Amino acid sequence: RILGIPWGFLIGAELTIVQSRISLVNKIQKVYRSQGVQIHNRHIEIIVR
Amino acid sequence: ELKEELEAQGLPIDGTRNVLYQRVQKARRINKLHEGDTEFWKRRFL
RNA sequence: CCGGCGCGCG
DNA sequence: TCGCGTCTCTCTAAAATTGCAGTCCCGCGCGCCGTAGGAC
DNA sequence: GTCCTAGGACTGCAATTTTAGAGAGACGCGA
């Protein structure tokens, strides 16, 4: 409603995906860290991408 | 409310009495914009 | 030299 | 002489369940049992 | 004896199964 031509869709998709990636990695890392499992952020970022 | 049926056809004559009935029974025989203005959106983004 | 059923090992 | 809610369906827009489709660690060993049915 | 012999568990999703929304042609009653 604020931005029309693709800045409406491009910025909206960019903001949604950027927030989703941060929380998706955080939730998975929190689950594994709670059990002492040590996995690099690179491996999870490969899956989340 | 049979006069509402007349809107489905061209309304030939009709009006007084029994003409609407005969016609409804014989009608079955035939069957400001700112698009492309990147500067405005850049201003709105901030 | 094909598949089912049962019992096991890591 | 028509007019009025309206009798009797009537046809479809919009959810509300509901019956499938799909899937459900890996790698080894051993044994048993099939292959059935019927008029001669 | 046998010789040929013919009933989990969860998710996904389109498919009913209504519920509903309006709605109209002919109408029995009525102005």
Side-chain angles (χ1 to χ4, degrees):
Chain A
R1 301 218 146 280
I2 299 179
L3 308 153
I5 75 85
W7 327 123
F9 302 106
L10 153 75
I11 301 184
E14 207 78 10
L15 174 60
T16 284
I17 274 168
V18 158
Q19 181 71 87
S20 308
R21 288 167 171 171
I22 296 172
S23 55
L24 264 153
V25 173
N26 275 3
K27 282 306 173 185
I28 294 163
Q29 268 297 150
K30 208 193 315 295
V31 163
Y32 283 122
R33 266 167 213 169
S34 77
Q35 320 250 47
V37 182
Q38 290 302 298
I39 313 167
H40 207 271
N41 260 27
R42 253 206 307 274
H43 301 312
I44 307 192
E45 286 173 318
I46 291 281
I47 313 290
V48 170
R49 172 66 177 265
Chain B
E1 73 273 52
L2 192 42
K3 284 176 72 65
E4 294 154 13
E5 195 266 329
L6 304 161
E7 75 105 11
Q9 60 260 27
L11 199 284
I13 324 181
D14 275 319
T16 70
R17 196 181 169 181
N18 287 323
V19 194
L20 158 77
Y21 310 142
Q22 81 203 8
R23 287 199 181 279
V24 70
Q25 291 290 358
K26 292 283 110 171
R28 219 173 318 108
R29 164 68 161 95
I30 72 179
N31 311 104
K32 46 200 183 316
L33 287 184
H34 280 303
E35 58 206 329
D37 189 18
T38 315
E39 265 304 324
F40 180 61
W41 305 126
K42 281 168 78 175
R43 284 192 227 101
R44 196 165 262 196
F45 181 75
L46 313 178

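These values consider heavy atoms only, across backbone and side chains, with no hydrogens, waters or symmetry-generated copies. Throughout, protein chains are lettered first and strands after them, A, B, ... in sequence-line order, and every chain is numbered starting at 1.
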Closer than 4.0 Å, any side-chain N/O of B:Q25 to the OP1 or OP2 of E:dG25? no
Distance check, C1' atoms only: E:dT2 and D:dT35, in whole angstrom units. 15 Å
Return the nucleotide paired to D:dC25: Watson-Crick means purine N1 to pyrimidine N3 with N6-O4 or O6-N4, wobble means G-U with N1-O2 and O6-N3, both under 3.5 Å. none
With a 3.5 Å limit on both atom pairs, tell me what E:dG7 is paired to, counting Watson-Crick and G-U wobble, or say none. none
Could you identify the nucleotide paired to D:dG34, looking across every strand shown and requiring Watson-Crick or G-U wobble geometry with both distances under 3.5 Å? C:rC2
Indicate yes or no: at least one non-hydrogen side-chain atom of A:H40 is less than 4.5 angstrom from one of A:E45. no
E:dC27 P sits how many Å from B:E1 CD, rounded? 12 Å
B:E4 CD to D:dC4 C1', straight-line distance once rounded to whole Å: 12 Å
Rounded to the nearest 0.5 angstrom, the CD-CZ distance for B:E5 and B:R23 is 11.0 Å
Looking at D:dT23 and its strand neighbour D:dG22, I'd like to know if their base rings stack, meaning the ring centres are under 5.5 Å apart and the planes differ by less than 30°. yes
From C1'-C2'-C3'-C4' alone, north or south for the sugar of E:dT5? south
Do B:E39 and B:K42 sit within salt-bridge range, that is, some charged N less than 4.0 Å from a carboxylate O? yes
For atom CD of B:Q22 and atom P of E:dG25, their distance in whole Å: 16 Å
Tell me what B:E5 touches on the nucleic acid: a base, only sugar-phosphate, or nothing, going by heavy atoms under 4.0 Å. sugar-phosphate
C1' gap between E:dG8 and D:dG31, integer Å: 30 Å
Side-chain donor or acceptor of A:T16 paired with backbone N/O of A:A13 under 3.5 Å: no
Residue pair B:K3 / B:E1, side-chain heavy-atom distance below 4.5 Å: no
Please classify the sugar of D:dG27 as north or south using the torsion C1'-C2'-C3'-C4'. north
Rounded to the nearest Å, what distance is computed from the CG atom of residue B:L2 to the P atom of nucleotide D:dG3? 12 Å
If you take the six-membered rings of D:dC25 and D:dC26, are their centres closer than 5.5 Å and their planes within less than 30° of each other? yes
When rounded to the nearest Å, what value does the distance between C1' atoms of E:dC4 and D:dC26 take? 47 Å
Assign D:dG31 to north (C3'-endo side) or south (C2'-endo side) according to its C1'-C2'-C3'-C4' torsion. north
Output the rounded distance in Å from CG (B:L20) to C1' (E:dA24). 13 Å
Measure the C1'-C2'-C3'-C4' torsion in the sugar of E:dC4, then label it north if positive and south if negative. south
Can you tell me the distance, in whole Å, between the OH atom of B:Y21 and the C1' atom of E:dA26? 9 Å
State the sugar conformation of D:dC28 as north or south, using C1'-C2'-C3'-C4' as the deciding torsion. north
Integer angstrom distance from the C1' of E:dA6 to that of D:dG37: 9 Å
Going only through I, L, V, M, F, W and Y residues with side-chain contacts under 4.5 Å, is there a path from A:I22 to A:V25? no
Could you work out the separation of E:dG23 and D:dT6 based on their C1' atoms and round it to a whole Å? 12 Å
B:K3 NZ to E:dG23 P, straight-line distance once rounded to whole Å: 19 Å
Rounded distance in Å - CZ (B:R17) to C1' (D:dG3): 12 Å
Answer for the Watson-Crick or wobble partner of E:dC29, both distances under 3.5 Å, is D:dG3
